[PDB]
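Just the one chain here, the form deposited in one PDB entry, laid out as structure tokens.
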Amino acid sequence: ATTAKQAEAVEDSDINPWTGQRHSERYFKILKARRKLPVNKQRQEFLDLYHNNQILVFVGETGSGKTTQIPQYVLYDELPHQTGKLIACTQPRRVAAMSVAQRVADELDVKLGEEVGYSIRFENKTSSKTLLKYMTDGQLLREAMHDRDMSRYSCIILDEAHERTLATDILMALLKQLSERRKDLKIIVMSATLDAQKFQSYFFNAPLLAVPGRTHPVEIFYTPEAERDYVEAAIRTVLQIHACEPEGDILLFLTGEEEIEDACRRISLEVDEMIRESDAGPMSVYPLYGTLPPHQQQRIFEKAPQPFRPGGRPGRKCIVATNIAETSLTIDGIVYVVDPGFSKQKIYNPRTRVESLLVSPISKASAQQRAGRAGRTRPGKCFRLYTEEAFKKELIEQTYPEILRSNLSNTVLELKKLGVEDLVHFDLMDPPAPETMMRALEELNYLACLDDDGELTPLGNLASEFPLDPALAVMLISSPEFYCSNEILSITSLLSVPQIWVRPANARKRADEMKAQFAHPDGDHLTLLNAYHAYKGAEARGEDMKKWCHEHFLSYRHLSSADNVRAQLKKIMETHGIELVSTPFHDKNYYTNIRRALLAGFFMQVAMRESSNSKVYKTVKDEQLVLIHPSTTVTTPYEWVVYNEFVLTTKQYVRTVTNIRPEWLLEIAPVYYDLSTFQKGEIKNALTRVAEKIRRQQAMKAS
């Protein structure tokens, strides 16, 4: 009922309608600038759509005014309805939510934390006055876990929806479901780099509002030939920009903390050289990555240094960041973007059930976002450190959905916590294949994380609290019953990261020698345990651990990761009251306890020797024929083994293997190894003979 014209008349008022205070002069300067933005040209057109459709897809160039202006339009449109509900707008990163919340607070001439606020994990900058809240996807999902209808919100705006992250996809599915339940909820989906028709079609053929035009141009430059060392090329480019180009700050995208710190060091040294030798201007260098404290991350916004003298070469700021700065941000002063074209992206190893990070080429959408960090408040330039043909033909359009690159059992437990009942038909934008989902559900049911009705069990609920493959979580939770929760804590942590063994082709012998120091003849899990213990022991002596790992042919990266994970898991166990126990090393049962404890998590990954006449084993699951992997430390594999990994190469192997006793299977997983209903075959026969041996032995003793 209220038009863009009426709203504009209210915005022009001397009085702030939200607070009753006089509007400041800064407010009016900002308003004057705001009304020149592309999106403004279609405000009414937006309102119309917003009025006549529950869900709409909104696309417009980077910097066109989506994130700052659309929620304010909605704000002016919504609150006469007296609903007492909020408008939510989700950003990919916390620094983005905070930054844009401060900006919009400025635009509305209110205090941040009051009428405009933000919500991120560990910090809720909102109050009773809050009408518009910027938050992360994850935060909104965490709220959705306690409020399935999301009753606090009248409108939810999924920003940067092109980022197919786990949180984004799950949110989109939940919201698509909820839109059928709540007709008083509005949903806006927006991005500059979106597959519009895909998203429209997904949201019940929602309408599209497409806004043309850029505030400022961004000139794109490509390299004439490919260059392998992207770090050196990036540093060289930054230095050349500082030496030759006019005033303007630089945003360089790199892939990780260590790389970024090293690059910052090198850049700073070279800059010092240029200064003392060639009258170059000063340049401040800011690292930016996720493990930095958020308020320390906000340091990237401070002003570049002044020139050394009047008429001197410009002072400059250089931000060296991960894709934490790829979207959403307006860093005023930025003129140059340097895009090497790489980022750390999640991969999932289905044989080891391990999620890790791999430096990979970015998508076209990501490149466009990165470039879009410039051309917001002034013209910009983007130096892509790759050829135009490599952009046009080698880069994928959109990054593959994270849900298809993640541990699906984990995701399933999370979805159960979110109130999702039918997972087989859960309408994701890009669902895993029905068989993959069925496999996850099957495994979780056997692990007793889901009951036979498919409902979450207390064990499943507790397991979901751990950043682990659910089998590992169940193993850890169960470990106090085997009197070895410290060792299982360690082993779980190690099994949550990639292989720690390093075996270069030119030094394999030496590698083997070092590995021999940790080798346990009864199990690879125990060898892992030993390696970790040696690592911590060397660390306690105060040794250089990068050096130590290098000389022992162990991965410092993965061991360090596992150590951090262990700390986290320990904290969680202590929070939920799980006992942290160790059996004295010289106890007769010390190793048998641990070997038994493995079966609480891996009773479904067990293999039986076919004959004494051969070295072939058959897996309990799917009856596969395998060999024990030749990298094992198990010198004489038992008739029964537990294994971590199925390996398919020239031959079929099981890798990371520990000797077990068959009676342990019947004791520890009696429901799975229920012989009255177990599959007929040689494995069932062997287990039947084991059970009968135990029975005969007990009947005789009882007599």
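In this text, the rigid core denotes the largest set of C-alpha atoms whose superposition between the two forms falls within 1.5 Å. In case it trips you up, residue 1 is the first one in the sequence shown, and so on.
Asks: Select between 331-339 and 420-428 the stretch whose C-alpha atoms have the higher average B-factor in the entry.
Replies: Higher of the two, by average CA B-factor, is 420-428.
Asks: Taking the recorded C-alpha temperature factors, which stretch has the higher mean, 621-629 or 583-591?
Replies: According to the entry, 583-591 carries the higher average C-alpha B-factor.
Asks: Maximum C-alpha temperature factor per the entry, among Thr575, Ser560, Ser479, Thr411, belongs to which one?
Replies: Comparing C-alpha B-factors across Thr575, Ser560, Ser479, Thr411, the maximum falls on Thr575.
Asks: Take the CA temperature factors straight from the PDB entry and tell me which of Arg373, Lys381, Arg378, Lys615 peaks.
Replies: The record points to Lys615.
Asks: What third of the chain, by the recorded C-alpha B-factor, contains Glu326?
Replies: Bottom third by C-alpha B-factor.
Asks: Relative to the other modelled residues of the same chain, rank the CA B-factor of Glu663 and answer lowest, middle or highest third.
Replies: It falls in the middle third of the chain.
Asks: Relative to the other modelled residues in the chain, which third contains the C-alpha temperature factor of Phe301: lowest, middle or highest?
Replies: Middle third - that is where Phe301 ends up once the chain's C-alpha B-factors are sorted.
Asks: Which third of the chain holds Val657 when residues are ordered by C-alpha B factor: lowest, middle or highest?
Replies: Lowest third - that is where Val657 ends up once the chain's C-alpha B-factors are sorted.
Asks: Per the entry's values, where does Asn40 land by CA temperature factor relative to the rest of its chain, in the lowest, middle or highest third?
Replies: Answer is middle: the recorded C-alpha B-factor places it there.
Beyond what is shown, the protein has a form deposited in another entry; the following relates to that form.
Asks: Superpose on the rigid core and name the single residue from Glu257, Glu270, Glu402, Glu465 whose Cα moves by 2 angstroms or more between this form and the one not shown.
Replies: Correct option: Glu465.
Asks: For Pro431, does the CA position differ by 2 Å or more between this form and the one not shown when the superposition is done on the rigid core?
Replies: No, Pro431 moves less than 2 Å.
Asks: For a quick test of reading the superposition: does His81 move by 2 Å or more at the CA between this form and the one not shown, rigid core aligned?
Replies: Yes, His81 moves 2 Å or more.
Asks: Once both forms sit on the same rigid core, is the C-alpha displacement of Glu115 at or above 2 Å between this form and the one not shown?
Replies: Where the cores coincide, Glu115 shows only a C-alpha shift between this form and the one not shown that is less than 2 Å.
Asks: Versus the form shown, are the CA atoms of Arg228 and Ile500 closer or farther apart in the other entry, given a shift of 3 angstroms or more?
Replies: Compared with the shown chain, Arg228-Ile500 is farther in the other entry.
Asks: Given that the distance between the C-alpha atoms of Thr575 and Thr291 changes by 3 Å or more in the other entry, do they end up closer or farther than here?
Replies: Compared with this form, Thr575 and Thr291 lie farther apart in the other entry.
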